[PDB]
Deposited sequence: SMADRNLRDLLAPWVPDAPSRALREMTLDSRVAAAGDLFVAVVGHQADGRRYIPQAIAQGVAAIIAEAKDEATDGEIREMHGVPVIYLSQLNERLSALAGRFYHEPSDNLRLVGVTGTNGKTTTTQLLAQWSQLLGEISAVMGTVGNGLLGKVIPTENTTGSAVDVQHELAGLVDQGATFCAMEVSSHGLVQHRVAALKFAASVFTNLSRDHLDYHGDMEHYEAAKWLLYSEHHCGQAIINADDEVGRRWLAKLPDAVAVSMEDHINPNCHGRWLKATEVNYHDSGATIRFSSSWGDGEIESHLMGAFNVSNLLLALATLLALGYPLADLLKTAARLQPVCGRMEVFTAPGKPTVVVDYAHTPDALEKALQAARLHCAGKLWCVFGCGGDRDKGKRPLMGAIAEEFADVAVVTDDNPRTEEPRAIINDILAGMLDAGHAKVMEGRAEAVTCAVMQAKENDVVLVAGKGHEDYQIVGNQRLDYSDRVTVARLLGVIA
């Protein structure tokens, strides 16, 4: 890494200097580093240029705004200080070149939208790896090769992607936040494909506001290397954008494919939601098929079809995708289904808010021929407001509400249960059982063969906090042992 080569596209004159790492933070800026001095959130990194020099940085790239002309080369204490206009906009391109263009050295798929980003990224990473890629994820769970995800600026993004390229990744599924896109955090990334899941924005009912929002987003999209566009046509904004993008792939499970356009498309024609997942029959411009999904609910059909359409658009053969679909797993503790011969279906989900609990029960209901059971509780020593709202949701969307403990901490466990029941029309209809393990056992052992039991609030968490004690406890392990299977 050399300052002169780094800046060659923008500053022909730049001096020769070996560079170690690239950093925005003057505190960790060490001997041989490139310090990048940006102006942002009422913060000016140029203030810290003297401190970075005193720590032996090899060179500095600084915002030109009010201090210098674009491309101006200065020298302080024998350290080159190069000023660039609009450095926030160019940081992605600068760090891309510094880290040897990692998005040009693997197949990068970006996923944007309010919901299903995490699941769609995991499905893309899992499916590509089943077809022979070494796959990685970048997102909210964390970054890393698949099965080794470890829990953020335009530099960090480029640095992390170069880390994955160095570990042998050939494929990366990246969650892209609306906030990341607007702050130019992925401005220079070469996306092989861009997936749009859906928009639950709200606050856009004035056609003036909907116009500006869209205008801002169209402008951003026009400036990125998006590659193949894959768009959920079951979203209203999705359809308006597909109307303007004749090369984009339209994906639907609700009959919104317009076949007159003669573009690329994929649509579920029928879904059977059963006790262990979904049978998805679909048509596409690539050919037709039937997938056996081990994921639960309508939203996970959508997420799976977006991942399928994306991998087809990148040229993965339909026959190989169909052969590997049954090996796609849920995100651990996200609508994770546990089935055993002649036992009720049990779903472990992390839902611990009223909206997540309603969504998990509506999803579970689609797979439920008999009665839907809901085992849940609320955390102690936290906001009490959700307690009656989660009671009312369990009473409405489940047939049997089993109220139990969930990390009661120092709070009287029964007091929490009382707050939950208070939100119900008929508390007497709720079943209460303390011991979480005992309440889970009660549901699982009493539920009929064609019932579904949703065990909500913990998902993947392997602890129950009682007092100051983090006790060893897993919903997944408890359910697995009762059903006679392995967690």
Missing stretches, numbered from 1 on the deposited chain sequence and kept in order: 1-4, 156-160
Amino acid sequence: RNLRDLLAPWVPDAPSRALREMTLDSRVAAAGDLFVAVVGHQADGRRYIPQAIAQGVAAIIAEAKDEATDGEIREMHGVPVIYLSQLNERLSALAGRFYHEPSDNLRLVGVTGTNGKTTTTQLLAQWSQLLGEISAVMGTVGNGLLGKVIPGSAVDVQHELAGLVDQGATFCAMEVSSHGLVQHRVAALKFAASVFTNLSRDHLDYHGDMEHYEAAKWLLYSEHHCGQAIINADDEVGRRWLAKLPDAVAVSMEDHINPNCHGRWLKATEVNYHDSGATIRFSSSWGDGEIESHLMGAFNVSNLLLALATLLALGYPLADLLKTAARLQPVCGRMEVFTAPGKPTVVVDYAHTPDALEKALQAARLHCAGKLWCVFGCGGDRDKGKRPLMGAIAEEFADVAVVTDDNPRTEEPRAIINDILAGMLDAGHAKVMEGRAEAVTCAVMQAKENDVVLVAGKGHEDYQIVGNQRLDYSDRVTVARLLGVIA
From here on, numbers count along this sequence of modelled residues.
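We call the rigid core whatever largest set of C-alpha positions still superposes within 1.5 Å between the two forms.
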Of 133-141 and 405-413, which departs more from this form in 8 other deposited structures of this protein by CA RMS after core fitting: 405-413
Larger mean CA deviation from the shown form in 8 other deposited structures of this protein [core fit; 123-131 vs 342-350]: 342-350
Across other compared entries, residue 201 missing in at least a third: yes
Mean temperature factor over C-alpha atoms, higher-scoring stretch between 89-97 and 204-212: 204-212
134-142 versus 277-285 - greater average Cα B-factor per the deposited record: 134-142
Largest Cα B-factor, entry values, listed residues 152, 379, 388, 315: 152
Which of 300, 114, 252, 404 ranks first by CA B-factor in the deposited coordinates: 114
Residue 479 CA temperature factor, ranked by third within the chain: lowest
B-factor third for the C-alpha atom of residue 410 within its chain: highest
Lowest, middle or highest third - CA B-factor, residue 458: middle
CA B-factor ranking of residue 55, expressed as a third of its chain: highest
Ranked against its chain, the third holding the CA B-factor of residue 49: middle
